[PDB]
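[1] Give me a model of this one.
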Amino acid sequence: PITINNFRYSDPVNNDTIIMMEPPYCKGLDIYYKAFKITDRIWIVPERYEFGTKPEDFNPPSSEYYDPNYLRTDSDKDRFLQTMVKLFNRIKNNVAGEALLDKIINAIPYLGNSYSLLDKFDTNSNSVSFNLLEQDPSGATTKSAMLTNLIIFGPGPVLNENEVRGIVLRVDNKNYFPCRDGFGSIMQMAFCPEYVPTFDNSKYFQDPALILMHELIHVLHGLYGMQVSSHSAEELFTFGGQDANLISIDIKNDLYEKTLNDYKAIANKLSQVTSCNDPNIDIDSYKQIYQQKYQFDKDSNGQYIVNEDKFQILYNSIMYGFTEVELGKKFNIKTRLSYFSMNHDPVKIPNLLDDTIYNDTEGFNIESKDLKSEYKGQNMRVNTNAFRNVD
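    Numbers count the residues shown, from 1 in each chain. Here you go, the structure:
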């Protein structure tokens, strides 16, 4: 069973669920931020997403809403953390959302990539590992390495604009994404639970759990090494609905053939693996995990091969099994019709933390307040205390 853990931002590091983490884009730069393991293979780092930014990138210049002082204090950070804990509980408490989390957790990044040694599992790129400080039983503070799937940061410059990105590796003077190429990588999220969009199609604000789950679906594409590159299509598959129907059959077919091919390449790679650089990794245990993850068969030789039909089911469940439209349905959260709607001013949700405004089994749509029906708890003309406008 999946547990979402509990912690207070000020609790002490413990080498387990609270650590000082060197984020992957800080590899070897020895900058550490306090991080929290919400659940296996998922960390929350309550900080602003700052990789590749100037500190002046963080003010309004001269839809997009800024505030450079959001998430800078212990109090800010603790509020953000408790909020994320609630949003993960809200996701997990519906069986649809917990299947999402289970798939994300299980979809571990392959221990290597297109430019990794073919016969070795490689736990040593920043695309699969972060460093931490660990506190020895002897009193010494040492530095180690950990495998993970997802790290969730607070937002970058623009508060109400969440992004998901796989780790970029620099290889032969090129940008390379193991999350586009079958292997997957650590995925990183810049996420802001307080600032959600609005829409009509009679005006509604979005439930932040469903913006979270939309982002987790991008994270799932990426763990499966299926992030859709330059098309965007990634955003249409993720939204689902009739929008998915706009990616032509011609493009669905290149994407499908392309992924089929990477998986074949990975099937071949998995067959050669005879050792790992990291003593702590059980070679045969990881081979089974990856057989299971990629849904490979074994041939008579002992080789791994792609069984076409099992690939088609897997692909189908990755691209079509989880969308915003369907998750909204299953959770009773109201959704836009189509990705393409003028983005009305977002709004602030100042208190997700209070069960009278938002709980973890029903969201804003609390039935004891008779706000379940017709999604009244998301209606801007009905549930007037839940939001605030922004300046």
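[2] any idea where the helices of the stretch 1-150 of the chain begin and end?
    Secondary structure of the stretch 1-150 of the chain (DSSP state H, counting those that start in this stretch): helices located at 74-93, 95-106.
[3] for those, which one ends up most surrounded?
    The highest average neighbour count among these, using mean count of other C-beta atoms under 10 Å, belongs to helix 74-93 at a mean of 20. Where C-beta positions appear, they are placed from N, C-alpha and C, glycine not excepted.
[4] quick check: angle from that helix to helix 95-106?
    Computed by axes from the mean of the first three to the mean of the last three C-alpha atoms, to 10 degrees, the angle separating helix 74-93 from helix 95-106 equals 110 degrees.
[5] Give me the residues contacting helix 74-93.
    2, 4-10, 36, 38-39, 44, 46-47, 70-71, 97-98, 100-101, 152, 154, 191, 193-194, 208-209, 212-213, 216, 352-353, 358-361, 363 (C-beta atoms under 8 Å, 6 or more residues apart in numbering).
[6] So which of those are in strands?
    36, 38, 39, 44, 152 (DSSP state E).
[7] Any of these buried? List them.
    For the ones in strands among the contacts of helix 74-93, a neighbour count by 16 or more other C-beta atoms under 10 Å gives the buried set as 36, 38, 39, 44, 152.
[8] For residue 203, state which of the residues you listed is nearest.
    residue 152 (28.8 Å; C-beta to C-beta).
[9] helix, strand or coil for the closest residue to the closest one other than its chain neighbours?
    Once flanking residues are discounted, residue 152 sits nearest to residue 189: 4.3 Å by C-beta to C-beta, 6 or more residues apart in numbering. Under DSSP: H, G, I helix; E, B strand; the rest coil, residue 189 falls in the strand class.
[10] roughly how far apart are residue 189 and residue 290?
    Noted for residue 189: a distance of 24 Å to residue 290, by C-beta to C-beta, to the nearest Å.
[11] Residue 251 too?
    For residue 251, the distance to residue 290 - C-beta to C-beta - is 28 Å.
[12] How about residues contacting whichever helix in the chain runs longest?
    Longest helix in the chain, counting residues (DSSP state H): helix 249-272. Around helix 249-272, the neighbours that count as contacts under C-beta under 8 Å, 6+ apart are 110, 112, 114, 118-119, 181-183, 225-226, 228, 231, 233, 247, 287, 290-291, 294, 296, 302-306, 311, 315.
[13] distance between that helix and the chain's centre?
    Offset of helix 249-272 from its chain centre (C-alpha atoms, centre = their mean, to the nearest Å): 23 Å.
[14] buried sites along it?
    Going by 16+ other C-beta under 10 Å, helix 249-272 has these buried residues: 255-256, 258-260, 262-264, 266-267, 269-271.
[15] ok, now stretch 40-60?
    Quick answer for stretch 40-60 (16+ other C-beta under 10 Å): 41, 42, 43, 44, 45, 46, 47, 48, 49, 50, 58.
[16] And the contacts of helix 74-93, which of them are buried?
    Buried among the contacts of helix 74-93 by 16+ other C-beta under 10 Å: 4, 7, 9, 36, 38-39, 44, 46-47, 70-71, 97-98, 100-101, 152, 154, 191, 193-194, 208-209, 212-213, 216, 352, 358-360, 363.
[17] and the gap between residue 391 and residue 348?
    For residue 391 relative to residue 348 (C-beta to C-beta), the value is 10 Å.
[18] The two - which one has more neighbours?
    Of the pair residue 391 and residue 348, residue 348 is the one with more neighbours under other C-beta atoms under 10 Å, namely 17 against 5.
[19] OK, contacts around that one?
    Neighbours of residue 348 in contact, by C-beta under 8 Å, 6+ apart: 194, 195, 387, 388, 389, 390.
[20] What count of nearby residues applies to the residue nearest to residue 42 when sequence neighbours are not counted?
    Nearest-residue entry for residue 42: residue 150, 4.8 Å, with adjacent residues in sequence omitted and distances by C-beta to C-beta, 6+ apart. Residue 150 has 25 neighbouring residues, counting by other C-beta under 10 Å.
[21] beta partners for residue 150?
    residue 42, residue 187 (DSSP bridges).
[22] who touches it in this structure?
    41, 42, 43, 104, 186, 187, 188, 189, 216, 219, 223.
[23] for residue 175, same thing?
    Residue 175 neighbours (C-beta under 8 Å, 6+ apart): residue 168.
[24] Next, work out how far apart it and residue 227 are.
    In terms of C-beta to C-beta, residue 175 sits 13 Å off from residue 227.
[25] same check, this time on residue 111
    18 Å.
[26] just residue 36 next, same as before
    25 Å.
[27] go on, residue 351?
    34 Å.
[28] Between these two, tell me which one has more neighbours.
    Set side by side, residue 351 and residue 227 show more neighbours around residue 227, with 23 against 17, by other C-beta under 10 Å.
[29] That one touches residue 181, doesn't it?
    No. In this structure residue 227 lies outside contact range of residue 181 using C-beta atoms under 8 Å: 9.0 Å.
[30] which neighbours do those two share?
    Counting by C-beta under 8 Å, 6+ apart, nothing touches both residue 227 and residue 181.
[31] Which residue ranges of the stretch 101-250 of the chain form strands?
    With strands called from DSSP state E, counting those that start in this stretch, the stretch 101-250 of the chain shows them at 120-121, 129-135, 141-147, 150-153, 163-166, 169-170, 175-176, 187-190, 195-199, 204-205.
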